[PDB]
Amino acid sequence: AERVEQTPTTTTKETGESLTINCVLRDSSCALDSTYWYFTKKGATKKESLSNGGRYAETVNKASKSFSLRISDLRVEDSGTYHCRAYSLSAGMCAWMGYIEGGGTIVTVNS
């Protein structure tokens, strides 16, 4: 079952804390060649691009085919659903080229 496993599925956090979301491309012979993150606000349907900027930090281990988004100094506007997209663009040990995506993380931030 070739998939991206995104954990945690849901979290609640206080304003000012940080959070880490971990993604790993499981049950694949495919290389992890690039990654992309998307957010929808709470109560919105638009999937929009994350910036990789000041509060948002990315890690990738290509060998283990895992990556993470850490969001520091959480606010209430951060509340919503985060999606990770894993790209395989080399075509060696993979039958395919393109992307598969995590199930999402539903984040609630209180104060």
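We number the residues from 1 along the sequence you see.
Mean C-alpha temperature factor, higher of 79-87 and 36-44:
Comparing 79-87 with 36-44, the higher mean C-alpha B-factor belongs to 36-44.
Residue range whose averaged C-alpha B-factor is higher in the record, 12-20 or 88-96:
Comparing averages over the C-alpha atoms only gives 12-20.
Options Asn52, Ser68, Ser28, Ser64 - largest CA temperature factor per the record:
By C-alpha B-factor in the record, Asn52 ranks first.
Quick one: classify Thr105 as lowest, middle or highest third of the chain based on its Cα B-factor.
Middle third, going by the recorded CA B-factors of the chain.
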